[PDB]
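Presented as structure tokens, the chain that follows is alone, the form deposited in one PDB entry.
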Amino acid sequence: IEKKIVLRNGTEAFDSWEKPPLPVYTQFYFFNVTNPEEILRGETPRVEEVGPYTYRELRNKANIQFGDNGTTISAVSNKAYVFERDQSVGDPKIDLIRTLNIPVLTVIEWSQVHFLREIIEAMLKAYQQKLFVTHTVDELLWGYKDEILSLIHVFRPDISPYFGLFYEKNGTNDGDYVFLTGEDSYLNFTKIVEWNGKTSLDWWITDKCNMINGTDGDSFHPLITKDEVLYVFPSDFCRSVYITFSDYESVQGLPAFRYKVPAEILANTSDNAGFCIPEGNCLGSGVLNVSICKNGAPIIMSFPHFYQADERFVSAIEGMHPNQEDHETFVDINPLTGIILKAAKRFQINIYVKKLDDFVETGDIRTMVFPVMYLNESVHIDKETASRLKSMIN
């Protein structure tokens, strides 16, 4: 019965893997900074939440190649974002948001450790730059031209003048994956054996932290059980995470197990100590330093409103109001199929900010992990895809 779900050009699992039937949505949430100058002079930051802005993902797998014997498959996954205005607050082309000036914050990082050179820091003093900027929502995620980057682009053309959170992530696959089909065992269904041609991460300080575990997270192995733990590799998150069983749900007419991301994942603990790039020093519970993943930028990952995290971070930034129900990330999956009936996946992007004497752009600013944006990656099972799926046996 389990044999029905494998990835091979005959099965229905494949056609639904190749072109996933269910629509998937990402909603974007920005924190609009209230007191920019007051922040620079050392006062507590205060933000206002702005969102969502709704984009429907267009998902198909490409460059599908076939296994050693029958046991492996490899491909890339192209996701594109199609904006839905009526499910969003406004038109992100018009709508404005004020936050940290991120492009300059990285080159400043690039000043202190030299990923490009210090002393071309000159461009910073030649052209006045602000640590807080205003750009349309469309601009921050889909890209805009920065004036510092534009100059630096002249001396070294490899660096792009364009900054964006999601810049050039429309329509493109991340990474080359090779995947384990269900032939050796169902348990290995859509497991990640290797990514980008390397089967491990080189980013993290220990052997265990650097492992690539489990599925990409958009599917699971059939015949799931309440006791076990499901590993997931979120490429964009720069590491692998697992989920623990929470409660029993009924989506549609069908059973589901609710798995959640346990607070342990981003917490400060001796198992997690490798996620500190300096070793013996990491920032604390509930935040991760994802810098090496992103071009040397001082970018911190956290859950929305710093949920599942030390509350000293929550205190530092006004307007952070973490609650479980909204900011948790959960997966409701069908025990038999392992198919995902409903889920919501939520990460937050933070930027590390501190006063530097070498740069007056930073003023007297407090040392803190500063919220820019978080997102809900969500999926719900349609009511006629429910019953065709509920048509089993056979």
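In this text, the rigid core denotes the largest set of C-alpha atoms whose superposition between the two forms falls within 1.5 Å. Residue indices: 1-based, along the sequence shown.
Separately, the form deposited in another entry exists; it is not shown, and the next lines address it.
Only one entry in 162, 83, 132, 115 has its C-alpha moved by 2 angstroms or more between the shown form and the other one when the rigid core is superposed, and that entry is 115. Core-superposed comparison between the shown form and the other one: the Cα of residue 249 travels 2 Å or more.
Taking the rigid core as fixed, one finds a CA shift for residue 235 of 2 Å or more between the shown form and the other one.
Once both forms are fitted on their rigid core, the CA atom of residue 178 lies 2 Å or more apart between the shown form and the other one.
In summary, the C-alpha positions of residue 96 and residue 237 diverge in the other entry, ending up at least 3 angstroms farther from each other than in this conformation. Relative to what is shown, residue 238 and residue 307 are farther apart in the other entry; their C-alpha atoms differ in spacing by at least 3 Å.
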